[PDB]
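*Asks:* Build me a model from this:
(chains A, B, C, D and E)
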Amino acid sequence: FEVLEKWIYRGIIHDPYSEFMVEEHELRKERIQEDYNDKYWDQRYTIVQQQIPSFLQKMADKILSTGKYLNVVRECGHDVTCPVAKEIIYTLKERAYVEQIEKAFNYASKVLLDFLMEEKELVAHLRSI
Amino acid sequence: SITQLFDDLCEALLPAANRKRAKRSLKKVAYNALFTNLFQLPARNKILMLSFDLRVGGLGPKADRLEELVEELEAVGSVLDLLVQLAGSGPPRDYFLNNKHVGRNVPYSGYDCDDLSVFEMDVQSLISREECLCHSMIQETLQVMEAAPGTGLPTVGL
Amino acid sequence: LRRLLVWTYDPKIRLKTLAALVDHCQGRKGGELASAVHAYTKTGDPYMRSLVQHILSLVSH
Amino acid sequence: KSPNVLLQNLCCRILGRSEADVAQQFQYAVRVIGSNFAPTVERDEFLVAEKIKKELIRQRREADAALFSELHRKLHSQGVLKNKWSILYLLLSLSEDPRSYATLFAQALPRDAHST
Amino acid sequence: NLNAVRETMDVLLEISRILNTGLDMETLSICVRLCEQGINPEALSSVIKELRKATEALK
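*Replies:* Numbering: from 1, shown residues only, chains lettered A, B, ... in the order given. Sharing the structure here:
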C-alpha cells in the first residue's frame, strides 16, 4: 500500500517486484504503434487476478483504470495536480481505502477527459468523420 | 442542581442491600463534615507545575497530553484548581515497547539494559499479582479453617 | 538473560542487512555501486529499507 | 524550596512580567526542563575548569585565565559546595565576551559504554 | 449551554483519570457543579476528603 501511494495518484510504479496487482508495460515503443493494440486495456496495464489482497477485488477494475488514465496525460503533457495526497499502509477494520480509490478514480477521469477534449479533441475528429 | 447531586452522593455511600432513615443520618454526618473546615496564581500553571513532576519520573506522553488538553480548555478553571489538590487521593506487551524490527524508523540504538530491564518489569508486574494470589489463597483459608470452636465462623453465633 | 539470546535478536538482523551489501556491492566500484544501494530501499523488509535510507543519505553527499 | 515552584520563581526573575501575563513560555519551559534532572554524563569539575581556560584563551585574556586558577582554588579551600561541576558548567553555558570548532575538542563521556 | 458543559465535563473526566484522583462520575458531577457556583476550591479539596473519611468511620 506504498506502491498505491504513487500508482493511483499518478501513473508510475516504483515496485520492482511483480507481485503487485497491476503490472507495467509500455505501448509507446517502436514495434508497438497506436493502432497495433487499439486499447491500452489490452497490453499496457493489466491486472493479476490471484495477486490481490482479497478485498481490493471490489474496486479492482477501477484501480487499474485510475493510474491507467492519468499516465496517458502525463506522457504527452505534465498535468496531474492530484487533490488526494491521503495515504495508507492498509489499516484493517476501516474502509478508508475504498473511499481514497473512489476519489482518485474520479479525478483520473477528470484529468483525462479535460486533456482529451482540449488537445486532440474528440469533438472535431468525430465531426470530420 | 447541587442539592440533587449531593443527594445522589449520599445515595451511593448508603449500602443498598427499612433503609429510609439511614440516608438522613448519613446526611447528618455529611453536613457535619462539610462545615468543619468552613468554620476555620493562574489555573493552568498549577497543571504545568505538576506536568514537570510527571516528566521527571518518566512517562513523557502523559505530560504531553496533560499540557495540550488544558491548553484547549483555556481557549472551569476552578475545577482544575480542585483537581490539582485531589491528585494524590486516588488508588494506592502490545507491539511497541522496544520494537526495532518493523517500521519505517531507522534501527540505530545502543545497549543499556535499562529499556529492556523495565520491559522485564512490564512482565513482572503481571507476575507479581499472579504470584501474590498463590500465597494469598492458602493463608486466607488457613486463617479461617483454624480457630477456636464456636467462634470459628460467625454463622454459628446465630 | 537466557545466556544472552535476546541480545542476538535485535542485531543479527542489523548484521544480516549489512552482510548482504558486503557481497552484493562487493564487485562494484564508483557510481555503479550507487546504482545498487538503491536496491535495498525497495526491498520488502521494512528493517533494511530504513537502515539504507539513512546510509544512502550520507552517501549521496 | 520544592523545584516546581522554583521554576516559577525563575520565570518571575528574568521577565519583568508576572506569571499572569504569559504562560506559553512556562509550558514550553516545562517541556524542556522535565526528564532532564539527572546528569547522565560524567561530572568532572576539572574538565569544566579546563574549558573556562580554553574559553578565556579564545577571548585573549591570559590574566583572566590565570586569576581563574586562584578562584578555582577558593572552591577547594571552602569545599562546602556539593556539585562544583553544575554551577560552573551553567555559568560557562551563558558565556559572553565583553570584548568555530568547539565540539571537536574535549567533552564529557556519553555513558553509552555503561548502563545509564 | 447544557451541550457545552456536557462536552467540557466529558473532557474533564479523562484528565481526572490520568491525574489519579479519588473522583468517580458522581462526585465529579457534584463537585464541578459546585465549582460552577463559585467558592474557594482549596477548601472543597479538604471537605471532600473529610466527607469520605467520615462515611468510612461508620463502616
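*Asks:* Leaving out sequence neighbours, find the closest residue to the residue in chain A positioned nearest to chain D.
*Replies:* Using Cβ to the nearest Cβ, the single residue of chain A nearest to chain D is residue A:87, 29.3 Å away. C-beta coordinates here come from the backbone N, C-alpha and C atoms, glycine included. Spatially, and ignoring its direct neighbours in sequence, residue A:87 is nearest to residue A:5 (4.8 Å; Cβ to Cβ, 6 or more residues apart in numbering or on different chains).
*Asks:* Does the residue of chain A closest to chain D belong to a helix, a strand or coil?
*Replies:* Classification of residue A:87 using DSSP: H, G, I helix; E, B strand; the rest coil returns coil.
*Asks:* That one: neighbouring residues, count only.
*Replies:* 13 (other Cβ atoms under 10 Å in any protein chain shown).
*Asks:* Would you tell me which residues of chain B are close to chain E?
*Replies:* Residues of chain B lying close to chain E by Cβ under 8 Å from any Cβ of the partner chain are B:1-2, B:5-6, B:8-9, B:12-13, B:26, B:29-30, B:32-34, B:36-38, B:50, B:62, B:65-66, B:69-70, B:73, B:76, B:78-79, B:81-91.
*Asks:* ok, for the residue in chain D that chain E sits nearest to, nearest residue in space, not its chain neighbours?
*Replies:* Nearest residue of chain D to chain E: residue D:4, at 14.6 Å (Cβ to the nearest Cβ). Nearest non-adjacent residue to residue D:4, counting by Cβ to Cβ, 6+ apart: residue B:49, 4.0 Å away.
*Asks:* How many residues are close by that neighbour?
*Replies:* When neighbours are counted by other Cβ under 10 Å, residue B:49 comes out with 20.
*Asks:* Now the phi/psi pair for residue A:22, please.
*Replies:* phi -90, psi 140 (degrees, to the nearest 10).
*Asks:* Can you name the residues that contact the residue nearest to residue D:4?
*Replies:* By Cβ atoms under 8 Å, 6 or more residues apart in numbering or on different chains, the contact list for residue B:49 reads D:4, D:5, D:7, D:8, D:30.
*Asks:* Off-centre distance for the helix or strand it falls within?
*Replies:* Element membership for residue B:49 (DSSP states H and E) is helix B:44-56. Centroid separation for helix B:44-56 versus its chain: 18 Å, with Cα atoms, centre = their mean, to the nearest Å.
*Asks:* tell me which residues in whichever helix or strand comes after it are buried?
*Replies:* Following helix B:44-56 in sequence order, the next helix or strand is helix B:60-73 (DSSP H and E). For helix B:60-73, the neighbour count (16 or more other Cβ atoms under 10 Å in any protein chain shown) marks B:63, B:66, B:67, B:69, B:70, B:73 as buried.
*Asks:* so which of those residues would you say is closest to chain C?
*Replies:* Nearest to chain C out of the buried residues of helix B:60-73 is residue B:63 (Cβ to the nearest Cβ; 28.2 Å).
*Asks:* so how far is residue D:36 from the closest one?
*Replies:* Look at residue B:63 and residue D:36: by Cβ to Cβ, to the nearest Å, they are 13 Å apart.
*Asks:* How about residue C:24?
*Replies:* Remark: distance between residue C:24 and residue D:36 (Cβ to Cβ) = 43 Å.
*Asks:* of the two, who's got more company?
*Replies:* Just comparing residue C:24 and residue D:36: by other Cβ under 10 Å the higher neighbour count belongs to residue C:24, 14 against 10.
*Asks:* The more buried one and residue B:145, how far apart?
*Replies:* To residue B:145, residue C:24 is 72 Å away according to Cβ to Cβ.
*Asks:* now swap in residue C:6 and tell me
*Replies:* 44 Å.
*Asks:* Pick out whichever of those two has more residues nearby.
*Replies:* A side-by-side neighbour count of residue C:6 and residue B:145, using other Cβ under 10 Å, places residue C:6 first with 14 against 9.
*Asks:* neighbours around the nearest residue to the more buried one once chain neighbours are set aside, how many?
*Replies:* In space, and not counting its chain neighbours, residue C:6 is closest to residue B:116: 6.9 Å by Cβ to Cβ, 6+ apart. Neighbour count of residue B:116, defined by other Cβ under 10 Å: 17.
*Asks:* so who does residue B:116 touch?
*Replies:* B:98, C:1, C:6.
*Asks:* Distance of the last one relative to chain D?
*Replies:* This means residue C:6. 15 Å (Cβ to the nearest Cβ, to the nearest Å).
*Asks:* I'd like to know how far that residue sits from residue D:101.
*Replies:* Computed with Cβ to Cβ, the distance linking residue C:6 and residue D:101 is 41 Å.
*Asks:* What's the separation between residue B:155 and residue B:144?
*Replies:* 12 Å.
*Asks:* the more surrounded of these two?
*Replies:* A direct count of neighbours by other Cβ under 10 Å for residue B:155 and residue B:144 places residue B:144 higher, at 10 against 6.
*Asks:* That one contacts residue B:153, doesn't it?
*Replies:* Yes - if you go by Cβ atoms under 8 Å, residue B:144 and residue B:153 touch, sitting 7.1 Å apart.
*Asks:* Can you name the residue of chain D nearest chain C?
*Replies:* Here chain D gets closest to chain C at one residue, residue D:115, 13.3 Å apart by Cβ to the nearest Cβ.
*Asks:* Could you give the number of residues near the closest residue to that residue other than its chain neighbours?
*Replies:* Nearest non-adjacent residue to residue D:115, counting by Cβ to Cβ, 6+ apart: residue B:112, 5.2 Å away. The number of residues packed near residue B:112 is 14, by other Cβ under 10 Å.
*Asks:* Give me the residues contacting the longest helix anywhere in chain C.
*Replies:* Longest helix in chain C, counting residues (DSSP state H): helix C:46-59. Contact with helix C:46-59 is made by B:101-108, C:13-14, C:17-18, C:20-21, C:34, C:37-38, C:40-43, as judged by Cβ under 8 Å, 6+ apart.
*Asks:* Could you count how many residues lie near residue D:48?
*Replies:* Counted with other Cβ under 10 Å, residues neighbouring residue D:48 total 21.
*Asks:* That one contacts residue D:87, doesn't it?
*Replies:* No - with contacts counted by Cβ under 8 Å, residue D:48 stays clear of residue D:87, the gap being 9.5 Å.
*Asks:* what sits against whichever residue of chain D sits closest to chain B?
*Replies:* Closest contact between chain D and chain B, by Cβ to the nearest Cβ, is at residue D:34 (2.6 Å). The neighbours of residue D:34, taking Cβ under 8 Å, 6+ apart as the test, are B:51, B:52, B:54, B:55, B:56, B:63.
*Asks:* Out of those residues, which comes closest to chain D?
*Replies:* The nearest member of the contacts of residue D:34 to chain D, counting by Cβ to the nearest Cβ, is residue B:55 at 2.6 Å.
*Asks:* The residue lying closest to the closest one once chain neighbours are set aside and residue B:87: what is the separation?
*Replies:* Spatial nearest neighbour of residue B:55, chain neighbours left out: residue D:34 (2.6 Å); criterion: Cβ to Cβ, 6+ apart. Distance of residue D:34 to residue B:87, given as Cβ to Cβ: 16 Å.
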